[PDB]
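Notes follow the structure.
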There are 6 protein chains.
Amino acid sequence: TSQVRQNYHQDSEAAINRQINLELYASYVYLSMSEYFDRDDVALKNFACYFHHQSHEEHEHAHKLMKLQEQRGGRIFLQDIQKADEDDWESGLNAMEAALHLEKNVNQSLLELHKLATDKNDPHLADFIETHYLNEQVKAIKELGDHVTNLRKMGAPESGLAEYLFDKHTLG
Amino acid sequence: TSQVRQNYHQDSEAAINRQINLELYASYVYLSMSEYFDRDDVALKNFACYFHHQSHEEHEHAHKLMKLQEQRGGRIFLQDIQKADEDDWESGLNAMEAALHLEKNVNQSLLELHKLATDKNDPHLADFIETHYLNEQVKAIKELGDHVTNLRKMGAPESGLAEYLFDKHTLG
Amino acid sequence: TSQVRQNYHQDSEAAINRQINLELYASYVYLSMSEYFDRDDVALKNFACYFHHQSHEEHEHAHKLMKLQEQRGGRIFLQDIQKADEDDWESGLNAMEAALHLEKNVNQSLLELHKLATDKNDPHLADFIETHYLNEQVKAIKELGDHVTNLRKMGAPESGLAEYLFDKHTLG
Amino acid sequence: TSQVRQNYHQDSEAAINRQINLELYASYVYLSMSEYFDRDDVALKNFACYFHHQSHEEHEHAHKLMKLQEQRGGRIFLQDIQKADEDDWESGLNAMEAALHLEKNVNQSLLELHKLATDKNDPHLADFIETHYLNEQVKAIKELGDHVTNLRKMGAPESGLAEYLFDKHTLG
Amino acid sequence: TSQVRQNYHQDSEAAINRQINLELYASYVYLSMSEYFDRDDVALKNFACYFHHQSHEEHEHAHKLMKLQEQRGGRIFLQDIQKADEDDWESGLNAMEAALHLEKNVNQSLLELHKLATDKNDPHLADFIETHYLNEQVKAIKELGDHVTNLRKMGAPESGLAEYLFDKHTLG
Amino acid sequence: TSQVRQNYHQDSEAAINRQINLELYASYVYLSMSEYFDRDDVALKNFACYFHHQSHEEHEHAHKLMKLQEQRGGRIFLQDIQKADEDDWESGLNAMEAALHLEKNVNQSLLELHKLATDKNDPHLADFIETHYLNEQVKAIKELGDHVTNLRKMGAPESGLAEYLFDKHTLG
Ligand SMILES: CC(=O)NCCNc1cccc2c(S(=O)(=O)O)cccc12
Ligand SMILES: CC(=O)NCCNc1cccc2c(S(=O)(=O)O)cccc12
Ligand SMILES: CC(=O)NCCNc1cccc2c(S(=O)(=O)O)cccc12
Ligand SMILES: CC(=O)NCCNc1cccc2c(S(=O)(=O)O)cccc12
Ligand SMILES: CC(=O)NCCNc1cccc2c(S(=O)(=O)O)cccc12
Ligand SMILES: CC(=O)NCCNc1cccc2c(S(=O)(=O)O)cccc12
Ligand SMILES: [Ca+2]
Ligand SMILES: [Ca+2]
Ligand SMILES: [Ca+2]
Ligand SMILES: [Ca+2]
Ligand SMILES: [Ca+2]
Ligand SMILES: [Ca+2]
Ligand SMILES: [Ca+2]
Ligand SMILES: [Ca+2]
Ligand SMILES: [Ca+2]
Ligand SMILES: [Ca+2]
Ligand SMILES: [Ca+2]
Ligand SMILES: [Ca+2]
Ligand SMILES: [Ca+2]
Ligand SMILES: [Ca+2]
Ligand SMILES: [Cu+2]
Ligand SMILES: [Cu+2]
Ligand SMILES: [Cu+2]
Ligand SMILES: [Cu+2]
Ligand SMILES: [Cu+2]
Ligand SMILES: [Cu+2]
Ligand SMILES: [Cu+2]
Ligand SMILES: [Cu+2]
Ligand SMILES: [Cu+2]
Ligand SMILES: [Cu+2]
Ligand SMILES: [Cu+2]
Ligand SMILES: [Cu+2]
Ligand SMILES: [Cu+2]
Ligand SMILES: [Cu+2]
């Protein structure tokens, strides 16, 4: 038991590990989306850059959690980063829709992590989730929501012109 | 026989000459495309600038080969630069499609030039092709591929609005 | 079959995918090492920074390969990033030794990738491996070799003073 | 018949096309001369640079004409760029003499183009020839004349020292 | 057997050593030429500077090879640097001719080194030779070729004025 | 007999040649030491840089002597640069000890060169040795002495920590 450990329940420790893996999974899904839009038969460069940026963001979210684990005296146990559910993301709108869905899932897990921290009277971990994750999630979900709305109204996916112009004007 | 000649087979020499002529031909095809888009009944200024730039690029590719020929002690024998297969390129998408096709043909010739250099154990010429041509070809083909994809999805050629906006947003 | 595909054998395509996964695995192993040295009962900050840097380097190596796959007209198929063989890296010297070992394994795979490219007469892929990977591997292996040597001579791992000073003077 | 066409006789249009091809031919001859002086058994670097510059100048002369054709509503029809009369230019003086001769021929064609424009009462085309070509030709011919004179007086071609020093002092 | 050694055949190792010695020999020959032109009865200062520069260039070529040897896990075994075939280089043209000859010999050895690397499936060593040596050799040989040509045409060696002016205008 | 020769005895001339060869030998020994410390099983980077610097210093010492030879009207006759007595320098301390020993030997030769110049009443050569060599030798010997002392007191060679820290703090 670590010299620095204080008020850090083994349930929280294990949940942080589960959360670390999910951020890496989120990161990985976005990496897959990113390369998809670089395919010569898709070729939406800004969609690619956007999702490549999201990928590195999710990585930072993982780093912060790993840091937290060692700051608290817990032990990091890493698990396989699972490949995404699809290799082919079909369209710009569909990728946004899958992204929105993924972010809500990460958010649900984070909310249960906060519940766990409240239940265990770990107020340092509660504030840590609120400060670095909860509003970041709310912002991400809303932005993805905004994108899905604009793509739908522009006539995507039955309009290839729509995805082209959105790539230029919103993501460019 | 040149004072500088070393390990330079007469088959390679002649193939370099054939390759020089092809770069000039590629350059010439692009020059034709370039002026086409400046026609008052076509008037796509950025398509014109793009193909005018491609023309001068193919010229540099020719210069590098001519330089190589004299560096190795071979003799340059120049042949007529043949006019392109068409005077009228029909549309933006069609020009891109013809360009992609042309670049693949130049690439095939370059790959056979590399085979010839491997077969003749000319490793200076092999590296010369790899370094200055092979990846340049791969990049060009992919970019042209990307363009053809975006034009097709935007509704070209049955959409004049599509070619207009692509000229503005991708080539502008 | 892609509009851009030329001279790109399905065996090479699949091998690039296998190589992509290995770079990500290498990246992941280094991430694990990085966080290990941030543990309060290890606390070697520069060892941590060094391995964190190696992690992002292996990521770039993966990006370049993914780019190559789509440049050539192949399709990226991503696989799970497997967790490392150990959660606890024991010591500075041991991590270096595991790193050297890992890099030699990545190098062996890259050499077989080059053999495959030679065998398939894909000279663009051969040069791609030589240019961006082979010397990077040779440099990495030698640097890791240098580190293992200095740590061993300093009296590691039976000297905690040795690992402390190496962290300060070589990695600082 | 073009929306922009006005006072532009089909004889002028065809003559512009013939002139375009000649500028490209002139450009091509100069390119041949340029590489000749880079041969290891010739090795006059400044003669090479001078003729390489002349080559690109003749290209601009072609561009201006192509521009003119489309400005006037004519249609560009490109023809093969014929290879030069010689692959081996023998000496510095001989290349200058061939260049002077070529320029006078281009000038004669331009003068007949002006006659055609006068005869057809196309004063825009007449001024276009006067403004951008006639004095450029007069300057070129005189400069080439000056060079041939100096080379002859210096003792070329029976003096290799003469061609060396002229390369250094006039073209350097 | 080194901790870093991988795919590095003992034949390649020994050939690198033989090549190291030759670069040093080349360096030494050039040093001899350099001082020769500083003799009061020769006194061609720029010929001296040119060959002094060549000497240090060949030294760098040796350094790069020594670096390569230790990067690969081979052991450097150094041999005597043999003195040149002549103490008296006779003339500027003769030194250039001896230099051209020497460089072709170094090039032949490098080409056999590449063959050895191909035969041993050492693609890191093959690329190393291509990248850092083969084109450097091609450039050197051609430059020396150019110099010998100009000196011969200027009337060297029966013209002391020729060697004087070449020293001033080409090497100055 | 040279136009510039004055008061320059053939014994001095020959001794300068013998001294030139020794500086080159010293240079060569240091080059060998330099690469030794870059071996992956030695890996003392600053020891390597120090000895690499010593190597180029001994080269300058050779240049100055060659210059002197031609300034005085003597003729340079170069001899083989002999390889060092050892390929493997064993340790940092041992290399310093071998270096100190070598420098004393060069110094002894220089002192006999001065004696020769005094005996031959060549006061230009005497001052040349005093000015450019004798104090440089005294400084070098003392510095090497200082290094050997510090290494011995630090516990080298039975302390690998000692050689590591000396590499960092004195040579870094
Ligand atoms: C096509 C493309 O990739 N465009 C750039 C998109 N933006 C980005 C991508 C990756 C990382 C980024 C980072 S960082 O996480 O590395 O700090 C910071 C800021 C922007 C980033
Ligand atoms: C309408 C139009 O022509 N726009 C400019 C397009 N870009 C270019 C065209 C021609 C040559 C270029 C060159 S260079 O080959 O001359 O160096 C370098 C960079 C850009 C170039
Ligand atoms: C303790 C710690 O992390 N220190 C910084 C170590 N260096 C680095 C770490 C991660 C990424 C780096 C990157 S980049 O891949 O992001 O471009 C570029 C340069 C250095 C990098
Ligand atoms: C050895 C050599 O080539 N030297 C340079 C000679 N000058 C030139 C050559 C080619 C094009 C030039 C151009 S432009 O047409 O590209 O604008 C403008 C100005 C000078 C130019
Ligand atoms: C008369 C005379 O010696 N003139 C200077 C000639 N050029 C040179 C000589 C030696 C070394 C040089 C180096 S370097 O190898 O030291 O980096 C770099 C650049 C030029 C160099
Ligand atoms: C690892 C390594 O090599 N580090 C640099 C060590 N210092 C030096 C090495 C070689 C030549 C030097 C020279 S000069 O002789 O080229 O002028 C001047 C100053 C320093 C020099
Ligand atoms: Ca996000
Ligand atoms: Ca799985
Ligand atoms: Ca191109
Ligand atoms: Ca024809
Ligand atoms: Ca690495
Ligand atoms: Ca697993
Ligand atoms: Ca290569
Ligand atoms: Ca002209
Ligand atoms: Ca013909
Ligand atoms: Ca050289
Ligand atoms: Ca001998
Ligand atoms: Ca010294
Ligand atoms: Ca010997
Ligand atoms: Ca004195
Ligand atoms: Cu990335
Ligand atoms: Cu996240
Ligand atoms: Cu717009
Ligand atoms: Cu142009
Ligand atoms: Cu090309
Ligand atoms: Cu990171
Ligand atoms: Cu890697
Ligand atoms: Cu210290
Ligand atoms: Cu050009
Ligand atoms: Cu012209
Ligand atoms: Cu020197
Ligand atoms: Cu060399
Ligand atoms: Cu050196
Ligand atoms: Cu010395």
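A note on labels: chains of the structure tokens are A, B, ... as shown, every chain counts residues from 1, and ligands are counted from 1 in their shown order.
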Tell me which protein, DNA and RNA residues are within 12 Å of residue 135 in chain E, counting only C-alpha atoms, leaving out same-chain ones fewer than 2 positions away, and put them as a ChimeraX atom specification.
/B:68,71-72,122-128,131 /E:107,110-111,127-133,137-142
I'd like the contact shell of residue 46 in chain F - 12 Å cut-off, only C-alpha atoms, skipping same-chain residues fewer than 4 positions apart - returned as a PyMOL selection string.
(chain C and resi 170) or (chain F and resi 33-38+42+50-53+92+163-172)
Taking the backbone alone, and naming residues the way the document does, which bits of chain D are helix (DSSP H, G or I) by DSSP, as a PDB file with C-alpha atoms, in the first residue's frame?
```
ATOM      1  CA  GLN D  10      -9.810  32.706 -89.447  1.00  0.00           C
ATOM      2  CA  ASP D  11      -6.494  33.275 -91.301  1.00  0.00           C
ATOM      3  CA  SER D  12      -5.102  35.200 -88.300  1.00  0.00           C
ATOM      4  CA  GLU D  13      -6.351  32.530 -85.895  1.00  0.00           C
ATOM      5  CA  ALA D  14      -4.558  29.775 -87.856  1.00  0.00           C
ATOM      6  CA  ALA D  15      -1.393  31.908 -88.159  1.00  0.00           C
ATOM      7  CA  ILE D  16      -1.345  32.435 -84.376  1.00  0.00           C
ATOM      8  CA  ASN D  17      -1.442  28.654 -83.991  1.00  0.00           C
ATOM      9  CA  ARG D  18       1.449  28.311 -86.426  1.00  0.00           C
ATOM     10  CA  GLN D  19       3.341  30.975 -84.471  1.00  0.00           C
ATOM     11  CA  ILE D  20       2.640  29.292 -81.102  1.00  0.00           C
ATOM     12  CA  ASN D  21       4.241  26.082 -82.450  1.00  0.00           C
ATOM     13  CA  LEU D  22       7.311  27.971 -83.672  1.00  0.00           C
ATOM     14  CA  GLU D  23       7.913  29.645 -80.269  1.00  0.00           C
ATOM     15  CA  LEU D  24       7.747  26.158 -78.710  1.00  0.00           C
ATOM     16  CA  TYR D  25      10.138  24.884 -81.370  1.00  0.00           C
ATOM     17  CA  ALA D  26      12.514  27.807 -80.623  1.00  0.00           C
ATOM     18  CA  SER D  27      12.172  26.975 -76.934  1.00  0.00           C
ATOM     19  CA  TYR D  28      12.987  23.329 -77.719  1.00  0.00           C
ATOM     20  CA  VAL D  29      16.066  24.127 -79.846  1.00  0.00           C
ATOM     21  CA  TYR D  30      17.420  26.232 -76.966  1.00  0.00           C
ATOM     22  CA  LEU D  31      16.755  23.434 -74.481  1.00  0.00           C
ATOM     23  CA  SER D  32      18.869  21.126 -76.677  1.00  0.00           C
ATOM     24  CA  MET D  33      21.696  23.678 -76.847  1.00  0.00           C
ATOM     25  CA  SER D  34      21.492  24.164 -73.082  1.00  0.00           C
ATOM     26  CA  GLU D  35      22.011  20.504 -72.216  1.00  0.00           C
ATOM     27  CA  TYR D  36      24.745  20.194 -74.864  1.00  0.00           C
ATOM     28  CA  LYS D  45      28.309  26.096 -67.688  1.00  0.00           C
ATOM     29  CA  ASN D  46      27.416  29.690 -68.566  1.00  0.00           C
ATOM     30  CA  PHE D  47      26.686  28.907 -72.227  1.00  0.00           C
ATOM     31  CA  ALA D  48      24.345  26.282 -70.787  1.00  0.00           C
ATOM     32  CA  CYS D  49      22.673  28.808 -68.436  1.00  0.00           C
ATOM     33  CA  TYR D  50      22.343  31.394 -71.203  1.00  0.00           C
ATOM     34  CA  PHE D  51      20.601  28.940 -73.564  1.00  0.00           C
ATOM     35  CA  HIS D  52      18.490  27.547 -70.731  1.00  0.00           C
ATOM     36  CA  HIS D  53      17.303  31.099 -70.074  1.00  0.00           C
ATOM     37  CA  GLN D  54      16.579  31.594 -73.817  1.00  0.00           C
ATOM     38  CA  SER D  55      14.489  28.403 -73.730  1.00  0.00           C
ATOM     39  CA  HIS D  56      12.189  29.715 -70.968  1.00  0.00           C
ATOM     40  CA  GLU D  57      11.969  33.108 -72.704  1.00  0.00           C
ATOM     41  CA  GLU D  58      10.621  31.428 -75.880  1.00  0.00           C
ATOM     42  CA  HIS D  59       8.138  29.596 -73.685  1.00  0.00           C
ATOM     43  CA  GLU D  60       6.819  32.951 -72.366  1.00  0.00           C
ATOM     44  CA  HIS D  61       6.549  34.139 -75.990  1.00  0.00           C
ATOM     45  CA  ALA D  62       4.390  31.053 -76.604  1.00  0.00           C
ATOM     46  CA  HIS D  63       2.210  31.704 -73.504  1.00  0.00           C
ATOM     47  CA  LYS D  64       1.502  35.255 -74.569  1.00  0.00           C
ATOM     48  CA  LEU D  65       0.322  34.026 -77.994  1.00  0.00           C
ATOM     49  CA  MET D  66      -1.887  31.301 -76.490  1.00  0.00           C
ATOM     50  CA  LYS D  67      -3.398  33.914 -74.180  1.00  0.00           C
ATOM     51  CA  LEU D  68      -3.993  36.164 -77.241  1.00  0.00           C
ATOM     52  CA  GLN D  69      -5.733  33.316 -79.092  1.00  0.00           C
ATOM     53  CA  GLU D  70      -8.252  32.769 -76.284  1.00  0.00           C
ATOM     54  CA  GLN D  71      -8.643  36.504 -75.608  1.00  0.00           C
ATOM     55  CA  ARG D  72      -9.710  36.931 -79.246  1.00  0.00           C
ATOM     56  CA  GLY D  92      29.986  27.795 -78.519  1.00  0.00           C
ATOM     57  CA  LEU D  93      30.304  29.957 -81.646  1.00  0.00           C
ATOM     58  CA  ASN D  94      28.344  27.493 -83.765  1.00  0.00           C
ATOM     59  CA  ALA D  95      25.487  27.448 -81.225  1.00  0.00           C
ATOM     60  CA  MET D  96      25.393  31.271 -81.260  1.00  0.00           C
ATOM     61  CA  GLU D  97      25.384  31.216 -85.091  1.00  0.00           C
ATOM     62  CA  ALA D  98      22.540  28.658 -85.110  1.00  0.00           C
ATOM     63  CA  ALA D  99      20.703  30.779 -82.532  1.00  0.00           C
ATOM     64  CA  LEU D 100      21.072  33.988 -84.584  1.00  0.00           C
ATOM     65  CA  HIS D 101      19.821  32.109 -87.637  1.00  0.00           C
ATOM     66  CA  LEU D 102      16.828  30.688 -85.722  1.00  0.00           C
ATOM     67  CA  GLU D 103      15.859  34.092 -84.331  1.00  0.00           C
ATOM     68  CA  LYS D 104      15.907  35.702 -87.782  1.00  0.00           C
ATOM     69  CA  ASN D 105      13.562  32.918 -88.973  1.00  0.00           C
ATOM     70  CA  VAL D 106      11.180  33.547 -86.034  1.00  0.00           C
ATOM     71  CA  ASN D 107      11.408  37.273 -86.860  1.00  0.00           C
ATOM     72  CA  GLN D 108      10.546  36.657 -90.542  1.00  0.00           C
ATOM     73  CA  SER D 109       7.476  34.666 -89.477  1.00  0.00           C
ATOM     74  CA  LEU D 110       6.455  37.439 -87.055  1.00  0.00           C
ATOM     75  CA  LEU D 111       6.822  40.062 -89.828  1.00  0.00           C
ATOM     76  CA  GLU D 112       4.525  38.017 -92.089  1.00  0.00           C
ATOM     77  CA  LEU D 113       2.120  37.698 -89.156  1.00  0.00           C
ATOM     78  CA  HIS D 114       2.079  41.510 -88.922  1.00  0.00           C
ATOM     79  CA  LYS D 115       1.520  41.792 -92.694  1.00  0.00           C
ATOM     80  CA  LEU D 116      -1.403  39.396 -92.338  1.00  0.00           C
ATOM     81  CA  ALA D 117      -2.835  41.584 -89.517  1.00  0.00           C
ATOM     82  CA  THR D 118      -2.443  44.783 -91.562  1.00  0.00           C
ATOM     83  CA  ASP D 119      -4.030  43.072 -94.616  1.00  0.00           C
ATOM     84  CA  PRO D 123      -5.141  46.627 -85.557  1.00  0.00           C
ATOM     85  CA  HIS D 124      -5.307  44.935 -82.132  1.00  0.00           C
ATOM     86  CA  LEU D 125      -3.233  42.044 -83.456  1.00  0.00           C
ATOM     87  CA  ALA D 126      -0.826  44.387 -85.251  1.00  0.00           C
ATOM     88  CA  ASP D 127      -0.111  46.328 -82.068  1.00  0.00           C
ATOM     89  CA  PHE D 128       0.139  43.033 -80.156  1.00  0.00           C
ATOM     90  CA  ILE D 129       2.959  41.899 -82.476  1.00  0.00           C
ATOM     91  CA  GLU D 130       4.751  45.281 -82.394  1.00  0.00           C
ATOM     92  CA  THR D 131       4.458  45.629 -78.615  1.00  0.00           C
ATOM     93  CA  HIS D 132       5.429  42.152 -77.410  1.00  0.00           C
ATOM     94  CA  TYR D 133       7.505  40.620 -80.225  1.00  0.00           C
ATOM     95  CA  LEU D 134       9.105  42.868 -82.858  1.00  0.00           C
ATOM     96  CA  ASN D 135      11.518  44.808 -80.624  1.00  0.00           C
ATOM     97  CA  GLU D 136      12.197  41.703 -78.517  1.00  0.00           C
ATOM     98  CA  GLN D 137      13.293  40.046 -81.768  1.00  0.00           C
ATOM     99  CA  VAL D 138      15.432  43.051 -82.769  1.00  0.00           C
ATOM    100  CA  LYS D 139      17.139  42.989 -79.348  1.00  0.00           C
ATOM    101  CA  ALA D 140      17.717  39.221 -79.437  1.00  0.00           C
ATOM    102  CA  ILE D 141      19.167  39.235 -82.971  1.00  0.00           C
ATOM    103  CA  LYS D 142      21.508  42.116 -82.115  1.00  0.00           C
ATOM    104  CA  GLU D 143      22.695  40.445 -78.872  1.00  0.00           C
ATOM    105  CA  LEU D 144      23.335  37.177 -80.668  1.00  0.00           C
ATOM    106  CA  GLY D 145      25.111  39.197 -83.383  1.00  0.00           C
ATOM    107  CA  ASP D 146      27.299  40.841 -80.726  1.00  0.00           C
ATOM    108  CA  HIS D 147      28.184  37.426 -79.280  1.00  0.00           C
ATOM    109  CA  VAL D 148      29.111  35.871 -82.649  1.00  0.00           C
ATOM    110  CA  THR D 149      31.329  38.893 -83.367  1.00  0.00           C
ATOM    111  CA  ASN D 150      33.206  38.659 -80.049  1.00  0.00           C
ATOM    112  CA  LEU D 151      33.676  34.886 -80.346  1.00  0.00           C
ATOM    113  CA  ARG D 152      35.018  35.208 -83.920  1.00  0.00           C
ATOM    114  CA  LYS D 153      37.485  37.990 -82.946  1.00  0.00           C
ATOM    115  CA  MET D 154      38.652  36.069 -79.875  1.00  0.00           C
ATOM    116  CA  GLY D 160      39.388  26.659 -76.787  1.00  0.00           C
ATOM    117  CA  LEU D 161      40.775  29.409 -74.531  1.00  0.00           C
ATOM    118  CA  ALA D 162      38.528  31.917 -76.320  1.00  0.00           C
ATOM    119  CA  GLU D 163      35.301  30.004 -75.648  1.00  0.00           C
ATOM    120  CA  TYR D 164      36.393  29.433 -72.031  1.00  0.00           C
ATOM    121  CA  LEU D 165      37.020  33.159 -71.391  1.00  0.00           C
ATOM    122  CA  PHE D 166      33.870  34.296 -73.187  1.00  0.00           C
ATOM    123  CA  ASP D 167      31.872  31.893 -71.032  1.00  0.00           C
ATOM    124  CA  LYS D 168      33.477  33.524 -67.972  1.00  0.00           C
ATOM    125  CA  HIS D 169      33.432  37.218 -68.908  1.00  0.00           C
TER     126      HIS D 169
END
```
To one decimal place in Å, what is the distance between atom 12 (C, counted along the ligand's line) of ligand 2 and atom 1 (Cu, counted along the ligand's line) of ligand 25?
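Between these atoms lies a distance of 14.3 Å.
Across the structure, atom 16 (O, counted along the ligand's line) of ligand 5 and CA of residue 4 in chain B are spaced 27.2 Å apart.
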For chain A, the nearest of the candidates C:158, C:85, C:90, C:40, counting only C-alpha atoms:
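That would be C:40, the residue with the smallest distance to chain A.
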Restrict the calculation to only C-alpha atoms, then for each residue of chain D with any atom at most 7 Å from an atom of chain B give the closest atom pair and their distance in Å to one decimal, rows by chain and rising residue number, as JSON lines.
```
{"residue": "D:38", "atom": "CA", "partner": "B:70", "partner_atom": "CA", "distance": 6.9}
{"residue": "D:39", "atom": "CA", "partner": "B:70", "partner_atom": "CA", "distance": 5.5}
{"residue": "D:40", "atom": "CA", "partner": "B:70", "partner_atom": "CA", "distance": 7.0}
{"residue": "D:70", "atom": "CA", "partner": "B:39", "partner_atom": "CA", "distance": 5.5}
{"residue": "D:77", "atom": "CA", "partner": "B:87", "partner_atom": "CA", "distance": 6.2}
{"residue": "D:78", "atom": "CA", "partner": "B:83", "partner_atom": "CA", "distance": 6.3}
{"residue": "D:79", "atom": "CA", "partner": "B:83", "partner_atom": "CA", "distance": 5.4}
{"residue": "D:80", "atom": "CA", "partner": "B:82", "partner_atom": "CA", "distance": 4.6}
{"residue": "D:81", "atom": "CA", "partner": "B:81", "partner_atom": "CA", "distance": 5.0}
{"residue": "D:82", "atom": "CA", "partner": "B:80", "partner_atom": "CA", "distance": 4.6}
{"residue": "D:83", "atom": "CA", "partner": "B:80", "partner_atom": "CA", "distance": 4.8}
{"residue": "D:87", "atom": "CA", "partner": "B:77", "partner_atom": "CA", "distance": 6.2}
```
Output of the above residues as a compact mmCIF listing (two decimals), in the first residue's frame, restricted to N, CA, C and O atoms:
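Printed below is out.txt as written:
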```txt
# COMPACT_ATOMS: atom_id res chain seq x y z
N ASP D 38 26.39 21.25 -71.08
CA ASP D 38 26.58 20.54 -69.81
C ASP D 38 27.25 19.17 -69.96
O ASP D 38 27.55 18.51 -68.96
N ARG D 39 27.47 18.74 -71.20
CA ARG D 39 28.18 17.49 -71.47
C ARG D 39 29.59 17.58 -70.90
O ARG D 39 30.23 18.63 -71.00
N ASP D 40 30.06 16.49 -70.31
CA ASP D 40 31.38 16.49 -69.66
C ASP D 40 32.53 16.78 -70.63
O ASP D 40 33.59 17.22 -70.20
N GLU D 70 -7.02 32.88 -77.07
CA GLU D 70 -8.25 32.77 -76.28
C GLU D 70 -8.91 34.10 -75.92
O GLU D 70 -10.13 34.17 -75.78
N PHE D 77 -5.11 25.10 -81.50
CA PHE D 77 -4.85 23.75 -81.98
C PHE D 77 -3.35 23.56 -81.97
O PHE D 77 -2.62 24.22 -82.71
N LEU D 78 -2.90 22.68 -81.08
CA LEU D 78 -1.48 22.46 -80.87
C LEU D 78 -0.95 21.37 -81.79
O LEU D 78 -1.66 20.40 -82.07
N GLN D 79 0.28 21.54 -82.24
CA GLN D 79 0.95 20.57 -83.09
C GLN D 79 2.23 20.11 -82.43
O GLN D 79 2.75 20.79 -81.53
N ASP D 80 2.74 18.97 -82.87
CA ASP D 80 3.99 18.42 -82.36
C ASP D 80 5.08 19.47 -82.33
O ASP D 80 5.22 20.27 -83.26
N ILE D 81 5.85 19.46 -81.24
CA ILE D 81 7.05 20.28 -81.16
C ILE D 81 8.19 19.45 -81.76
O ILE D 81 8.62 18.45 -81.18
N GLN D 82 8.63 19.84 -82.95
CA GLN D 82 9.67 19.10 -83.66
C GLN D 82 11.00 19.24 -82.94
O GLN D 82 11.33 20.32 -82.44
N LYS D 83 11.74 18.14 -82.88
CA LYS D 83 13.12 18.13 -82.39
C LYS D 83 14.02 18.98 -83.30
O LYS D 83 13.72 19.19 -84.47
N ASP D 87 21.72 17.24 -82.77
CA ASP D 87 21.81 16.78 -81.39
C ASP D 87 23.13 17.24 -80.78
O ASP D 87 23.29 17.28 -79.56
```
